[PDB]
Every structure is written in structure tokens, then in C-alpha cells.
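Here is the structure we will look at, set down as C-alpha cells.
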Amino acid sequence: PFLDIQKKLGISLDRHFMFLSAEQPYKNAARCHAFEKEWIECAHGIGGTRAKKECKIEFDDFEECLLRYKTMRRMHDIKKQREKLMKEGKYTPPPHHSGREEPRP
Amino acid sequence: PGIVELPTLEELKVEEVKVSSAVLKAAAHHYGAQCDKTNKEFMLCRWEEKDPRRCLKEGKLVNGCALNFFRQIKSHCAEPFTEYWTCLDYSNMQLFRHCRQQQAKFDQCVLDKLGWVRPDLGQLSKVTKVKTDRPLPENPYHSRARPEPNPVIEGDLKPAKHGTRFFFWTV
Amino acid sequence: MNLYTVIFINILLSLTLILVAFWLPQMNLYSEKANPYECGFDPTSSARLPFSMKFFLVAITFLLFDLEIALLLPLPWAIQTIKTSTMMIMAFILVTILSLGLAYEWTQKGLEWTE
Amino acid sequence: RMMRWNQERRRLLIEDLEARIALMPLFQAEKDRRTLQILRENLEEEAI
Amino acid sequence: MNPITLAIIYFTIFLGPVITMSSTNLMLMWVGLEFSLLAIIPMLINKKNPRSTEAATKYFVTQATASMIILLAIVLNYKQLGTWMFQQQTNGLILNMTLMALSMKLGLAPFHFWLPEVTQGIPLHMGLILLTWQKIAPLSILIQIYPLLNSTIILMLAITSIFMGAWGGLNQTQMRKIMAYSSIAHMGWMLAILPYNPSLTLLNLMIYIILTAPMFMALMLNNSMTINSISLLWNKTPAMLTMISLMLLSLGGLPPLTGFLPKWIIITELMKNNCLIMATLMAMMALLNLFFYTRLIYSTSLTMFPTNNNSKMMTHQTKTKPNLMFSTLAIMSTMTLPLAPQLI
Amino acid sequence: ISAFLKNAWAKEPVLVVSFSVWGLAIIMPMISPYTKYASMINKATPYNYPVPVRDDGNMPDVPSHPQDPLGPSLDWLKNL
Amino acid sequence: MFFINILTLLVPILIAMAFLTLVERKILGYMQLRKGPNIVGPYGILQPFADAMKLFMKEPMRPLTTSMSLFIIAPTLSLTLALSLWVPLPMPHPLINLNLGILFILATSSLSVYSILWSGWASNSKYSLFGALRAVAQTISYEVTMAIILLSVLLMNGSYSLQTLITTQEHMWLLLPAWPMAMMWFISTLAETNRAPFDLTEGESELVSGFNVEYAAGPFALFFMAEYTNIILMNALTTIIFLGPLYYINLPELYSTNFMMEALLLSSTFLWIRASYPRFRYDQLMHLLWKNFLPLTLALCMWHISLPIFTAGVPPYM
Amino acid sequence: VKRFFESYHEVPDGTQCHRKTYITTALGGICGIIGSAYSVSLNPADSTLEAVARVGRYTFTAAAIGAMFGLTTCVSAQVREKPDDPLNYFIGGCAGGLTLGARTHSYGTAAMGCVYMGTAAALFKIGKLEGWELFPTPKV
Amino acid sequence: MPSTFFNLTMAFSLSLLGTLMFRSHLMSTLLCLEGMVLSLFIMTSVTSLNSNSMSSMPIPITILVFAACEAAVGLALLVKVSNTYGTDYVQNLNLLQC
Amino acid sequence: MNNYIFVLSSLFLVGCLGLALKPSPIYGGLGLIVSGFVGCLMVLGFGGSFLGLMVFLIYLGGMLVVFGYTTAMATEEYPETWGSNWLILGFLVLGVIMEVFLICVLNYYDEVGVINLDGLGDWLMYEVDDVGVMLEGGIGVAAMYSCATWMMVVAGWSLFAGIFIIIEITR
């Protein structure tokens, strides 16, 4: 920060709930805990300009966990192809996806 | 880029308990004492190794010990236990307090036969120190190597060479 | 969907009831019955004019006290925490601060109305 | 009286939660293999 | 105002920015900005006249929107990255919206239309705080995120602030608006360099404060608010013309006074990055910033205006108002250039 | 001041009760011995799974089983 | 079968409203040394139906100065909220089991105000607007105390669920722990619902039937039955909270019966109070309910925060 | 699209005169629309019709400025074949100033705008030629 | 979720467009500010519930607190404006230019 | 019921749009109330009860004061409904139509990534904890009393000092 009075005195008024992997009230993990932890543990000691390209894989995995865009694309593609095939009459959905399965437990 | 590995259907085909929730809440306190070793091994694997795909067999042992447990309850103390869980399932939050007299029948049966004592108030709410032939997981989270920090300039610092190199100030 | 259903049922009861109230009876409309009451005589001006409110400061501090309620209301969950001293002190401080503000307003005659 | 009664309620809760703790492993195992079954089914359909 | 209220309000004014500095969460940052907002309005509206009501309403309504825009930027960052800090690999639209709202908070052009109005609508104090202390936390936001800002609108806004402050102060007979347009121009000089060694932004800030505070005191000593009122100073308190002159000529940056150091070193660090013609334009409109200061100091110090018959009563009586800090701040301005390497 | 409070108990007894109850709420937690069992009871409640621990071979005080002697005996909560 | 449940919850509440009107008139009569209705039925058990039918045969008033949209929509909202408030009520097993029932009640009532407050504006007239502003003042007065009272009371229950109060009161009532909070809750339920002495919105002698002076027919009837439904609701809330009846898991109809008894007692108490006292002033109400009730309310909230701790009586989260 | 305005430099001056011409005309039109939005928001008209007239006058004026600029530049570069010569841009800026002082009835505006715009366009070419990166990224 | 976040951001933009583009009254501007507050609240709350970040859930209550204080002082300024001019209009506030 | 959340979001957009068109503060407050209701409903749809209930309560208590004020200050003879102005009615219709056309446009230039009409309702909740307790909204807010006690003090100071600010502005 501008005036690191917290680091001066060792207190944490606000710098302990800065992100997701940070002390949820009872120990319930937020989603992308692992991804954010890994990104942050890569980007430590480094600052900025070097972390933005030496810790890019981990940030990209985090971004896909949180915003989760490529899985939307993947399922949308699978669904679109399925609808095309069912319209053409090529695909035949099974019982365990039409609503008739043997429940496991 | 990398394909996900997954087990087959037959790597999950298992003899299931097929047993409801009040029948199970009734025998919870005895299933926490008996069949604790397998359950705690499964827990340690499931939390030490963050993958379900690395612990299916411990889950299968869990299911097996539970089935053996209820087989003991069936071949011995089936009627009092039936009455207990039947009266327990009536409630909406499945409260032990409303069925406190059938506990007595079930516990006296399961004590006079097999010597199974009910755990007291806070014995199932603590850590329990399991062992196993397994090893530690080396590098969970599949973490890559950490990049090396930038080196620190080692030196006993000196006066600035000719002071401030500003424009024309001498000192 | 149970709750949505109950509310739709009550909604449709009210609307069917108003429909009946309007389209069942007889009507004899004319301008002398559809004009505002004002006790036999006619109004001297419109009712869509300023009505000076003389408790506006009380209204605003009611808003702030509403926020204080919103801050106090998590206490039933705050009590099942392990600390039970920080929450005590902090709730004490919040309530005492609100009481201090109420006392300042009271003494400064903010709870009195603007005659 | 309220003190003593809530005291007992905080013990009945301990009992219920302990039962939850005892049965967490079975539910966890079954949850795991059910999720894996569903994913393998999705995969075997996506293939065709 | 009773003392309890003054304690509360001035504590809040002091704690707004202090929370803004000593906070890593952007949301407590926003909280500090809102304390600065809330606590200023009572003392803006203290004298209870239409001018004060208008000033307070304009201030409030302009700052609330900027606050909401900053909160939007913060919430969009939280959605994007799950954190409460503007990292790298954030969206330039988020960062630019933050910059726009912060410029509306400061008073930069083309968001400058409210500052001279508000400043004229309030006393000399509450112009000092508004122009000096309220500028410090909004600047702290930018200083904390300087390697993330786009170096294009940061400079277009600076250039607009320079030009418009110069042109607006060219024709203002009211002094409370001259100070406002000076604020606009100096915030322009700051914001231009803020992506380039932001230590110099704080340098210009400190220099600007040290120049404006004693100038406001000078206006306070006789409640001067007009060229014609400051011109009747060779009779009332004529021992102040020396310092007023040197302070105005430091504000409009002339070399031997320390108010040229920020412009000089800014031009240096801007020519070190091939930002040449922008610096040329800025340096050439700072001259017009100097012109009206020169007109003013003609009017008050070099070409003594007519006075009145009733101004002799002021000579009969005595004064106590110079707080002993006017001297220190006026002399540490106007005479501290040879110590510039220790300032940088 | 005793006379002042005597007057205030007649005129404006609502604020007297209020200040009395405020001070009582602040002072009585300092007095009781039962005040400390609250955090202990809130701690005893196992909302989350007690995750087992690997046997290093150097965990004597840690139990090997639920109903072993070791660990925090919750009998202080019984017969409190 | 859920719709049959809706019936068994809604139609008897409407008959209860209708016969509460009769009970009000007759009790006020006998307190006033007269016999109320005893003509239209044997003992006047048809006057409510007569009133309803006659009101729905009268021609409604659509004035010229009015805003017809808000005008027609406000009684709709009034009855809808009065009738949705009965939804989570555990008597003992509710129709809709919510985890934040008391917040549902609070928000629903704070929205029920807007019926009065928009009908008064839409009905463009003077006494109408007077009633609206008096409603604003009334709500400003009572809402804070209602919330903090209810907080302090449930601070020994452990949740906002209404069903947990039954187990909180398995061996006792919450009236002996909190009779002061119960007093203030009662009088805030009396300020809510616009019921005498805190009427101040249809104050026939101050205003000429505020917020209903321009309403004639079934709309006015809807406002009427909304009021007389909220009365029974608030009595039901007081007797679920403080006067906790006996659950007895095998005998739940016992809970329902004792609930009936206590709710009738407290409603008859409302009518009694109408008959006994004169009306407050809507500034005197503020002075009362800020300068007497809110200090003691905050003090007792502090007390009820301390009390779970220094007695080791922190309740459970389910 | 930035590529549209970057098409001004796909080929040197003297070539593709119409292209560069109405590119510069579009640029002037954009700047005039900005100035018009500002003059209509601040100091607004007595009527929406006069506001529209203000917009039209400002926009067509700046469009004519840009058009004369591009015409003059590419012509004086085709004639006296010399692309790398800022005097062409000077003559274009002077033609723009002349059109400014023609559309707006003023000889003094014409001369003032001629000098200022001519020097500005000369400096523009000199910077495009020598590599003056205004709004540069921080390097130190 | 992306749909509703888009819609909520467009709602914020509409309320911002509103409070910028003035009409005669000022109360409407204050209401537009309240609407911006509300949209920001819902965005924060939905992000927190999605991510299961119960550590950030104290943020929207703070938003409501400070926004309501903002509304309070705005309404007090409105009281003063009416006491001066009588009719709430923002066109009567045109004497600081001179 | 898959388009539930999209309908709620669209209704909220329309409420805030009719707000931004600025009729008298009566109908503006009506819009605030309806939009806060819708906000509560979607905050519940995403798994949050407390936050929605509190938006509803706060905005109701606020619009009460807005009514009390606008009857005194922001009142005219003809309060200018949405229908009062043909131009406002036109911009409202045009805004609905424009947002509909915009949604149908961005559902084309990007198959998915900003809006998914095709898969709608499939991406709402994002990894719920299927087994859980002590997990609702309210624990996180109650952390204002423990582990986030600076939010509590700073908010309380805002309210406290706001009282003094109110008194001084009004005096």
C-alpha cells in the first residue's frame, strides 16, 4: 500500500481476507482455492512484470476455474452436435440420460 | 490438452448398502466405533490425496465393513433396532431425543451380544491417528517448480559516487 | 414452487375479488360524485402540493438505525463462534455508539418536531 | 431454566453432529464413485 | 458548531484518507473516500446561504457518481479475479473507468466544471482543505496502481487540465476560482507524470500544498476574495506583499523559486521517455498560467490601487491572525531550490 | 447524587433502568465463572470432519481410536 | 394435495376475520352496556356475510383526481400480504418451512405499509394524504423497536426459524425471561396494524376516514379484512413466541388448540384495548416509542447478548 | 476501425489522392461532431432545430477542412515530386485555415489558422518521419 | 450467471445514464444513485455466493451502510434546497457562475 | 423452469430503466421497491437468503422516507408518469426493444462466452457442497463480529458521524 502501517505493526486490519483462499469463517474451501494458492505461491518474491509471464499457466488455470468459459464452449459444442444428430435421426439417447437409470446407492 | 483419466463402470460396480437415513442415524454411534479403522484410512487418503480416482478400494472397504456391521445387526438385534429406527424416522429432523427408550433396548441387546458399547458424548469428534502401508504423496496439487527469486545485491554500501548526479550540484 | 403457488393463489383471489366488485354492481357516474370529498364543500387547491413534514430528521435517523439493525441482526450466527469475546465487545460498542448518537440527537432537540 | 435447557440442546446437537461425523465417510465414498460414474457416462456418449 | 461535533467531523476528515492509504482492500479505500465526502458537506454548508447549498449539492452529486463508478470497477475486478486489488492482467476498461472517476473526484478537466463553482461557494477554509487534503487519497489510488494505467488518456486529461486551467484563470477576477484553476493545472502536471516515477507526483503535490495554504491564509487575513480586495493590501497589511509576490511567482513556475523544480524535473523524466511535444505544450501553457498571477501581483504589489477613507480604522486597530506557519511555509517555498536534490 | 438518583427513579425511571441494565450487561460477564465455558462449548461442536492424522510413530497423546482415554474428555459439558 | 392445504389455511382464516368483526362489535357493545348484533342471525352470526355482500353490490368509486392504477392495486397488495403472512406460521407444522421466517414477516409488513401509503396518494385528497403521512410516521416509530425486540427475544432461541421456538419453549414460556420485550412487542403490534389507541390513519375524529375516504366498495372491504387478518396474525405471533403452547409430538392438535385459545385471548385483548383507552397523538407516539422504548430495548439487547455467555446458555445452530 | 486511418500511410503522398482526401474528411467530421456535442451540451441552443443546425455547421466545416487538407497535400506531393517534404503539409494546413476563415467570415481567422495549422501539420509529418511517439509507453 | 452479470451491469449503466442525464428534479437523481447501489450489491453478493467466498460477504452490507448515509446527507441537502427555493428543481441553482 | 434467473434479471433491468427515465419519485420509489424485490429473489436463486431479505428491508425503509420527502419537496401538480410523456414512453419501448435486439445480436457474434440462450440454467451454482452444515449466508456476515471486525467499526463510525452530519446540515 501507500502507508504500510499494518506491516509496521504486524496487525492485519484488512490484509487477511484479500482473496478466496483466505480464512473462510469455518473451514469451507472456496472454489479455485488450489488454483489461486498455486498462482500466489508462484508469484512470490517476484513482482509483477516477471510473474505475469513466469506464472501464466497457473493464472490461466485459475481464470478457467473461476470464470469457466472453455467448459461452457465444450458443452455447448457437444449439445449442438447432439441436437443436429437427433434432428437428422442419427443419435439415439440412452436410458441413463433420457431419465431412466438405475440409481447407484 | 491432456486427457482426463477415469475409471470404468466395473471399477465402480459395488455391493451397495441400499439402506435409508434413519436406520443409519440410529446405528451411527456404533458404526463410528466399529468400522472406524477403515473409515479413517479412507478419510486420510481422500484428504491427503486430493483425487477420488486414487481411492476407490478404500471406499469399497468402507462399504464392506458397513455391510458386515448391518449383517451383525440383522443376525442379532434386528427387532429392537427395527423399532428404534422406525420410531426415529417419524420425526422431521430425526431427533434422538424423542426416541430415548428404544435406544435402551437396542443398546442392551447389542451389548449383551457382541459387547458393543455406545460412545459417550464427544469421542467421535476428535482425531484418531491412523497408520497404513501407503507412502506420503510427494507433491500433491501437481505443483510445478517455483521460479527462482531475483538475487540480492551483496555489499557494504558506500557514499554515492560524486554525491548526487543531479545537474550541477557539487556535493 | 409451493410458495410461488401460495402467493399466486392469494394474488388471484384479490384480483378476482376486485373484478367482481367492479363488474357485478351498477354504475351511475357523474362529475359531482367523482370529485374529491373535502367535507361537503369543494377543495380550495390541489392535494398534489407540498405537505411540509416536520419529522424529517427523525426519518433520516430512522434510516441510519435501520442500518444498525442490519448490522446487529447477524448475532445469532456470531454467537456460535469460538471467540465470544470479540463479538461481545464489538456488539457492546455498536449498541453504545447508537445510544450515544440517540442521546446527542435528543439533547440537541432533533427528536422534537419543527414547529 | 433457559440456561439449563439450551445447555441440553447443545448436547443433543453434539450427538446429531457426531452421527453426521460417523457417516461422512460412506456418503463421501458413494459421492465419489457416483460422480465418476456420471463423468464416464458423459465421456462414453461424447465419444459416439 | 459545538466542540463534540467538530471533533467528530475533523476526525472523520482526517481518517478518510488515512484509511485510504493504510488499506490493501479497495473497498476500505472506497470507504475512506466516502468519509471524506460525508464529513466535508457540513462545513461546506455551515454558513447556510444559497451559494453554500449549491456548492454542497454540486460536490455531493458529482462525487457520488464517481464513487459508484469506482465501486463498479472494484466489483468487476472481484468478479474477474476473485480478489480486492487491481492486479496486472485486469481489464483496461475497468482501470480506465477507475481513472475517469478519480479524475472526476480530483477535479481534472474535462471533469473540472464543478471545482471553481464549489470553491467560490464556500469560505477560504474549506477551499484549503478541499484543494489540498481531499486530493491526497484519490491520488493515492493512482499512485498504488501506476504501472497499470494507460499512458494515453492519462496525458490527454493532463493536457486538457493544463489548457483549461490556464484559460479559465486568465479571466477570473474572483480569487477563489483562480485557486481552483491552479489546482486543475497542477493536478494535470501530476497526472501526466504519474505513470513515470510517481515520486514526482507527490513532490508537485507537496509543493502545491505548501504554496496554496499560505496563499489562502493571505486571503483569510482580510477576507480577500477579489482582485479589488487584495489590492487594498498596501494599506491594511503591507508586510505581506513580498511573500505573496514570491509565492505567486513560484506557483507560476519561475526558475529561482522552488515552484519551477516540479515542472523542470517532470519535463526531464518525460523527455527520458520520448514524451517530447506533450511536455512542450505543457511548458508553453504554464506561461499563461503565470500571466494572471503577474496581473494579480501588479494589481496588489507594484501599482498600488486606490483605497478608501474607512481603511484607516484598520490601521488604528491591531491584528493577531498570522499563525506563524504562514512564514515557514512561504519561506520554504520560494527559497528551497538549492536544496532540490534532497527533494527530487 | 444519591438524591439525584432518588429523583430520577421517580421522574424518568426508564433511563435509570436502561443505564442500570447496560452497566450490568457489561459487568456481569467479568464476574461469572460460567463465562468461559461458552467459547469451549462453541468449540466442542464438530461442524466439520475431524480429519485423521498419519501415524508418524511419535503421537502418544493422540488417540488411536474414538473411545480411547486420550483426547479432550467432554464430561465437563455433562453435569455442568 | 397442497392446494387443499391452501384451502384449509385460507378459507378458515377468512371466516375468522369475518367473525372477529362480529366479536369486536359485540364485545365493545357489552363493554358499552348494550347488545351488539343479535338480529340478522340467531346471535348475529350472519352480519359479516351481509356486510360483505352489501359492500360488493355497492358501486365502486373511480374519482377523477385519482391515480387509478395505484388506487386499484393497493387493496390487492394489502390482502395479498395479510394472507401470505399466515404461510410460515407453525401451528405446529407449517405450510411453508422457511429458515428466516421472522425476516419474511418483517419485510412483508414493511411492504404492507405501502398499501396505505399508495392508496392515500393515489386517492388525490387531503385527509387521504394526512393518513398516508401518519402511516409514515407510525412506521418510522415502530419498525426499529420491532426488529431489535425480536432480535433480543430470538437471541435465546438461536435462529430466525419460527419452528425452533417450539423446542425453545418445550418446558417454559419466553414470557418469564422476556416480559419487558413482550410488553413492547405487544404495543408495537398495536402500532402496527393501525389499531387503537395507535390508529392514526382512519382516525375518524381527526381525519374523516383517512386512506379510505375515497374508497367505498370491496376495495374498502379488502382493506378491512386485511386489518382484521393482521390482528390475528400478530396475536398468533405473540403466542408462538412468548406464550409457547405444548407441542407433544404425538398430540400436535393440542398445540393447535392451545394456540387457538391464546390467539383468541390476545385478539379479544386488542378489542378490549380499543374500548378502554383514548387515542395517542402521532407525535406523542414518536416520543413514547423513541424516548421510552428504544433506550430500554437497546439496554435489554445488551443484556440478552451478555446472557448466553455469562450463563453458558448459547443456543444451538439447528 | 484503426486500419481505416492507418490506410493513410500504406502509400506515400502524391498517390491515392481521393482515398487520403476523404479519410482526412472523415477525421475532420469526427472532431467536428465532438466539438458539436460539447457546444450543444454546454451553451445549448434555444431550440432543437438550431442545435441540429449547430451540429451541421460544425461538422461540415471540419469536413471541408480535412478535405482541402488532403487534396492540397496529395496534390502538392504529386506536383513537385517530394513525399518527404513537410512544406506540402504546410500548404495543406494553410488551405485548411483559408477554408476556416471562408466558412467563418474572417480574414484574421484565416491567417491565424493558416499559420497554426500549417506548422502543426508540418510537425506532424516531421514526427511521423523521424518517429515521435506521443502517448509513449513507459521505458525510462 | 454470465447472462445475469451482463444484465446487472447494463442496469448499472442505465441508472448511471439516468443520474447523469438530469431532469428538473433532484430526488430522481438520488433514486438513480440508489439503483446503482442496488445493482452493485447484487453483483457482489452473486460473485460471493458463486465463489463460496464467505470472507467477502461482509462487503455488501458495508455498501448498503455507506450508500444509505450518502442518501441521508443528500436528503438533508434537499431539505436545505427546498427551504431556499421551495420547489426542488435543479435549474434554480445557477448563481455560482456569476 | 430454466429461464427463471434470466427473466428476473431482465425485470430488474426494466425496473432500473424506468427508474432512469425519472418519473415523479413516487413511481421511482415503486421501481426501486420492485427492483429490490427482484434482487432479493435472484440472490436467493444463487443460494443467499439473508442478503436478499436485507436489501428488501433496507430499500423499503428508505423509500418510506422518500415518500415522506417527495410529498413535501419533489411534488408537482402533475407528477409526470411514464405515460405522461410520449417521448418517455417511446424511449421506454425503444429501450426494451433495443436490449432484446442486443441480446439476440450478442447471441450470434459469440456462440457462448457472454450470454448463453442455448444453455441457460446450466451455469448458475458452480460447485455446491452437496454435504454440508453451517454453510449459509449469515456466517460470513456474522464474521463482522469476528475475523473482520474493522468493517464493523468503520460502518458504525459512518452511522454515528452521519447523525452529527445530519443535525449540522439541517440546523
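Sequence lines, in order, name chains e, X, A, Z, N, b, H, Y, K and J. Heads up, the first sequence stops at 105 in the entry's author numbering, and the numbers go up one at a time, no gaps. Heads up, the second sequence stops at 171 in the entry's author numbering, and the numbers go up one at a time, no gaps. Heads up, the third sequence stops at 115 in the entry's author numbering, and the numbers go up one at a time, no gaps. Heads up, the fourth sequence stops at 95 in the entry's author numbering, and the numbers go up one at a time, no gaps. Heads up, the fifth sequence stops at 344 in the entry's author numbering, and the numbers go up one at a time, no gaps. Heads up, the sixth sequence stops at 83 in the entry's author numbering, and the numbers go up one at a time, no gaps. Heads up, the seventh sequence stops at 318 in the entry's author numbering, and the numbers go up one at a time, no gaps. Heads up, the eighth sequence stops at 142 in the entry's author numbering, and the numbers go up one at a time, no gaps. Heads up, the ninth sequence stops at 98 in the entry's author numbering, and the numbers go up one at a time, no gaps. Heads up, the tenth sequence stops at 171 in the entry's author numbering, and the numbers go up one at a time, no gaps. All C-beta atoms, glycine included, are put in the ideal place defined by N, C-alpha and C.
Can you list, in chain order, the residues of its chain with a C-beta nearer than 7 angstroms to that of residue i? Leave out the 5 residues immediately preceding and following it.
{"i": "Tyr59 (chain J)", "result": "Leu32, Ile33, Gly36"}
{"i": "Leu44 (chain J)", "result": "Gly52"}
Suppose contacts are defined by Cβ-Cβ distances below 7 angstroms. Is residue i in contact with residue j by that definition?
{"i": "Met151 (chain J)", "j": "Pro60 (chain K)", "result": "no"}
{"i": "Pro149 (chain X)", "j": "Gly10 (chain e)", "result": "no"}
{"i": "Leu155 (chain N)", "j": "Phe137 (chain Y)", "result": "yes"}
{"i": "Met50 (chain Z)", "j": "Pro177 (chain H)", "result": "no"}
{"i": "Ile227 (chain N)", "j": "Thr173 (chain N)", "result": "yes"}
{"i": "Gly94 (chain Y)", "j": "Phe71 (chain Y)", "result": "yes"}
{"i": "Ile41 (chain N)", "j": "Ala64 (chain N)", "result": "no"}
{"i": "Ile167 (chain J)", "j": "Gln108 (chain A)", "result": "yes"}
{"i": "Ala65 (chain Y)", "j": "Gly31 (chain Y)", "result": "yes"}
{"i": "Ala78 (chain A)", "j": "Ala155 (chain J)", "result": "no"}
{"i": "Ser67 (chain H)", "j": "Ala132 (chain H)", "result": "no"}
Residues in its own chain within less than 6 angstroms of residue i by CB, not counting five upstream and five downstream?
{"i": "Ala275 (chain H)", "result": "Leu28, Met31"}
{"i": "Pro245 (chain H)", "result": "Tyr255, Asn258, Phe259"}
{"i": "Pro23 (chain J)", "result": "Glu80, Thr81, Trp82"}
{"i": "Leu77 (chain H)", "result": "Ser115"}
{"i": "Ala180 (chain N)", "result": "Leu115, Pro116, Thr119"}
{"i": "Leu66 (chain e)", "result": "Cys32"}
Among the residues of its own chain, which have a CB less than 8 angstroms from the CB of residue i, if the five just before and after it don't count?
{"i": "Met62 (chain b)", "result": "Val56"}
{"i": "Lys4 (chain Y)", "result": "none"}
{"i": "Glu54 (chain N)", "result": "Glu117, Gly121"}
What separation, rounded to the nearest whole angstrom, lies between the Cα atoms of residue i and residue j?
{"i": "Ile36 (chain Y)", "j": "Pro140 (chain Y)", "result": "29 angstroms"}
{"i": "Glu59 (chain H)", "j": "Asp199 (chain H)", "result": "27 angstroms"}
{"i": "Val208 (chain H)", "j": "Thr170 (chain J)", "result": "33 angstroms"}
{"i": "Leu73 (chain Y)", "j": "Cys19 (chain Y)", "result": "7 angstroms"}
{"i": "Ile11 (chain A)", "j": "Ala82 (chain H)", "result": "11 angstroms"}
{"i": "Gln80 (chain N)", "j": "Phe62 (chain e)", "result": "10 angstroms"}
Q. Counting Cβ pairs, one atom from each stretch, are 3 or more of them under 8 angstroms apart for the stretch 95–107 of chain N and the stretch 135–150 of chain N?
A. Touching, yes, given that three or more Cβ pairs across the two stretches are closer than 8 angstroms.
(Q) Please give me, in chain order, every unbroken run of the alpha helix (DSSP H) with length at least 4 that falls completely inside the stretch 115–158 of chain H. (A) Fully enclosed alpha helix (DSSP H) runs of no fewer than 4 residues occupy 126–154 of the stretch 115–158 of chain H, in order along the chain.
Q) Taking three-plus beta-carbon pairs below 8 angstroms as touching, is the stretch 245–253 of chain N in contact with the stretch 205–217 of chain N? A) The stretch 245–253 of chain N makes contact with the stretch 205–217 of chain N, as at least three CB pairs between them are under 8 angstroms.
**Q.** Secondary structure, alpha helix (DSSP H): runs of 4+ residues fully inside the stretch 63–121 of chain J
**A.** DSSP runs (the alpha helix (DSSP H)) wholly in the stretch 63–121 of chain J: 86–109.
Q: Could you name each continuous alpha helix (DSSP H) segment of 4 residues or more that falls completely within the stretch 29–75 of chain b, going from the start of the chain to the end?
A: DSSP runs (the alpha helix (DSSP H)) wholly in the stretch 29–75 of chain b: 40–47.
Q. Counting Cβ pairs, one atom from each stretch, are 3 or more of them under 8 angstroms apart for the stretch 28–39 of chain N and the stretch 66–79 of chain K?
A. Yes, since at least three Cβ pairs between the stretch 28–39 of chain N and the stretch 66–79 of chain K fall closer than 8 angstroms, the two stretches touch.
Q: Return the chain-ordered ranges of every alpha helix (DSSP H) run that is complete within the stretch 85–127 of chain X and spans a minimum of 4 residues.
A: The qualifying runs are 102–112.
Q: Note down, one range per segment and in chain order, each beta strand (DSSP E) of at least 3 residues found wholly within the stretch 213–301 of chain H.
A: Look at the stretch 213–301 of chain H and you find no whole run of beta strand (DSSP E) that is 3 residues long or longer.
Q: Assess, as a yes-or-no matter, whether the stretch 268–279 of chain N is touched by the stretch 296–310 of chain N under the definition of 3 or more beta carbon pairs within less than 8 angstroms.
A: Taking 8 angstroms as the limit for Cβ pairs, the verdict is that the stretch 268–279 of chain N does not touch the stretch 296–310 of chain N.
Q: Can you check the stretch 77–125 of chain Y for any alpha helix (DSSP H) of at least 4 residues that lies completely inside it and give the ranges in chain order?
A: You should have 88–105.
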